[PDB]
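Note: ideal-geometry Cβ built from the backbone for every residue, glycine included; neighbour counts use all protein chains shown. Throughout, read-outs are computed from the coordinates displayed, never taken from laboratory work.
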There are 4 protein chains.
Amino acid sequence: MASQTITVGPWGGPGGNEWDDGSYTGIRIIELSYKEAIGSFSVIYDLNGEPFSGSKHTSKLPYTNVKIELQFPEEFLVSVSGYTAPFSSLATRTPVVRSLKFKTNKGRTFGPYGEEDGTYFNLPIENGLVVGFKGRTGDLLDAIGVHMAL
Amino acid sequence: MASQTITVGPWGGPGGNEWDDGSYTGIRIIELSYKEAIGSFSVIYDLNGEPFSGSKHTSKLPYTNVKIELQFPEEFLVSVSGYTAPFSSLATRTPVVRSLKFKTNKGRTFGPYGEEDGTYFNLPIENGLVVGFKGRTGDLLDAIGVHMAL
Amino acid sequence: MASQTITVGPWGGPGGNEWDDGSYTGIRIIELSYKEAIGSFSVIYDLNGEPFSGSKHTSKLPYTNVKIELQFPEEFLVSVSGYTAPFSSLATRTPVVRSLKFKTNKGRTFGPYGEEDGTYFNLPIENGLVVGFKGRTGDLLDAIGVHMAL
Amino acid sequence: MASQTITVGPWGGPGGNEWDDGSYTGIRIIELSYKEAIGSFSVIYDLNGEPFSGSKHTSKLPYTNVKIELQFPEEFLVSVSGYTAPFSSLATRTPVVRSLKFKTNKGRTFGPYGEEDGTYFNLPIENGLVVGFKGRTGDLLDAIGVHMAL
Ligand SMILES: OC[C@H]1O[C@H](O)[C@@H](O)[C@@H](O)[C@@H]1O
Ligand SMILES: OC[C@H]1O[C@H](O)[C@@H](O)[C@@H](O)[C@@H]1O
Ligand SMILES: OC[C@H]1O[C@H](O)[C@@H](O)[C@@H](O)[C@@H]1O
Ligand SMILES: OC[C@H]1O[C@H](O)[C@@H](O)[C@@H](O)[C@@H]1O
């Protein structure tokens with residue numbers, strides 16, 4: 001196939017429908033919505049020094065919207081963490097992403113957003129960069145994973 | 001300025017002495033000891049098709065020794081997981097690696113070894129290989145981290 | 001700072017103005033113009049399975065246009081080669097790219113385009129993929145280099 | 001399969017017997033022998049901060065031996081270049097490695113060794129590191145290629 005990157009995760013459940021943004025050169029902006037779990041999730045990547053908009057992974061729920069704006073390129077993620085559990089408001093009870101938190105190399109923290117409820121996942125990055133996301137979304141964020149590169 | 005890989009981790013605490021095995025072409029044998037926590041941890045890497053013995057990180061503790069023999073190259077790790085916590089019996093209450101578990105692409109599970117107490121960590125690898133480990137060792141395994149390559 | 005790739009070259013001289021398309025998932029189309037030397041050079045990359053248009057590095061000179069359409073992703077480049085040297089009136093001081101030739105994994109050759117004069121350059125790729133180009137262009141393609149991944 | 005690197009080449013002919021040292025962390029020492037072509041060729045690699053000897057690819061011919069010692073890790077190769085052509089004093093008139101030259105980031109040039117006859121090859125490295133060699137040896141060095149990593 002084409003060029004490719006190291007992929008970790010997914011954390012979360014087998015619900016909703018798969019999506020993969022693919023890889024890019026870094027991250028500029030993450031946009032998510034949240035209440036008791038994570039709803040929407042959408043990313044403005046850097047591609048070779050300019051913004052590139054990933055597909056929107058919108059949840060239909062009326063959740064609070066946040067926009068995490070990184071000082072790209074000198075600021076970048078060193079950690080992604082959160083929790084996974086079901087959220088009872090569904091017909092199926094499969095685990096979903098209840099919370100996300102992000103930390104950066106400058107010591108900014110974004111989140112937690114959502115409810116720190118369930119099982120903990122934590123991706124600390126000692127060397128390397130986050131360069132794309134993938135997940136599964138239905139009414140909300142069922143699962144999340146990350147692509148990495150040097 | 002020597003060649004680098006993606007490194008994730010570490011998971012555990014600031015105790016003991018740093019070690020870094022660096023990177024190789026894959027994993028052949030993992031060797032560890034356990035009881036209440038992980039003591040010893042050593043690895044036989046693959047280096048360009050032949051075994052390469054990593055440095056030993058051995059604990060003096062009279063622990064149970066286990067040898068994890070992967071059917072290299074067809075079988076490789078797809079998950080590293082475990083638990084970190086203080087171990088009350090150290091002259092310090094700093095967190096160490098209480099448990100480890102390993103899963104492979106053939107569906108085998110090795111562990112849990114040690115005791116599942118404290119904060120869970122989990123690295124599921126969807127695409128990528130483990131090519132090295134780094135860590136910290138005092139009397140026990142204080143921290144572990146993993147290098148990944150395509 | 002941002003994601004990086006293996007970069008080889010440049011081949012050619014220090015004239016014209018520098019450009020770098022950066023890196024992508026692979027190559028779909030190369031468009032160039034030629035006569036005595038290479039003029040125009042532009043690329044349609046694959047970005048995560050969709051085409052992405054590289055910046056245009058156009059020559060005004062009335063040269064022959066060629067479009068090289070690979071059957072991506074099954075078909076890819078396995079060799080970039082060419083010749084560099086000064087050219088007559090337009091590039092008297094410094095070498096420019098006089099010719100380019102490309103080989104693919106399916107045994108297609110595209111070119112030589114231009115004239116085979118001066119100093120030979122040859123990049124046979126045994127493993128890895130071309131994921132981007134860089135260069136310098138004035139009236140002509142003064143230089144070219146390649147980013148590679150995998 | 002297991003971990004891989006980008007590999008460019010080969011330069012030279014199809015004669016002799018193939019060898020492939022694989023990949024490591026970097027380069028400490030190149031040893032070669034030369035007269036009107038390249039004879040012997042062997043490398044002491046860096047592996048995670050200690051030397052690792054590659055297999056000797058020695059020529060029995062009465063040539064001049066040369067040890068290229070880099071100031072590892074701060075000094076590394078940025079260029080491998082040379083010439084290939086058949087060599088009169090041989091039975092098969094396939095091309096062999098006639099000359100090699102090596103440049104470093106420190107500004108040091110080692111070579112040219114042998115004789116600059118036949119077809120030029122030239123790998124300038126703008127980003128990335130040489131982390132192994134592969135080749136072919138009979139009574140002389142028939143071909144050479146390079147593995148590269150970030
Ligand atoms: O997004 C959570 C939930 O949303 C909908 O109910 C469906 O798409 C489920 O599969 C999914 O698990
Ligand atoms: O390894 C567990 C423990 O061993 C010793 O007590 C010391 O090296 C500590 O720093 C360390 O935490
Ligand atoms: O591109 C060929 C030639 O075109 C112009 O003359 C300038 O932009 C030069 O610097 C360059 O070398
Ligand atoms: O290496 C030079 C030359 O030496 C030997 O004669 C053989 O292995 C040839 O195939 C090879 O071309």
Original post:
Scanning the range C:125-150 for residues that are more than 13 Å from C:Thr7 (Cα to Cα) and touching a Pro at 6+ places or on another chain (Cβ under 9 Å), which turns out farthest from the other protein chains (Cβ to nearest Cβ)?
Top reply: C:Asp142
Original post:
Can you name the number of the only condition in (1) farther than 21 Å from C:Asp21 by Cα; (2) touching a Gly at 6+ places or on another chain (Cβ under 9 Å); (3) within 12 Å of chain D (Cβ to nearest Cβ) that C:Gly111 fails?
Top reply: (3)
Original post:
Of the residues in the range C:3-39, how many are surrounded by 20 or more Cβ atoms within 10 Å (Cβ to Cβ) and of a type outside the set (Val, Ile, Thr)?
Top reply: 18
Original post:
Does at least one position in the range A:58-80 carry a residue that is touching a strand residue (DSSP E or B) at 6+ places or on another chain (Cβ under 6 Å) and within 30 Å of C:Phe72 (Cα to Cα)?
Top reply: no
**OP:** Among the residues of the range D:40-53, write down those that are touching a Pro at 6+ places or on another chain (Cβ under 9 Å) and surrounded by 21 or more Cβ atoms within 10 Å (Cβ to Cβ).
**Re:** D:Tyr45, D:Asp46
**OP:** Mind listing whichever residues of the range C:53-102 are among the small types (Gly, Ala, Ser) and within 21 Å of C:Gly13 (Cβ to Cβ)?
**Re:** C:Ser55, C:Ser59, C:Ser81, C:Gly82, C:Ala85, C:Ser88, C:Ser89, C:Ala91, C:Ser99
Subject >> Number of positions in the range D:104-123 that are over 14 Å from the mean Cα position of the chain (by Cα) and either among the aliphatic types (A, V, I, L, M) or more than 14 Å from D:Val78 (Cβ to Cβ) (or both) >> reply: 6
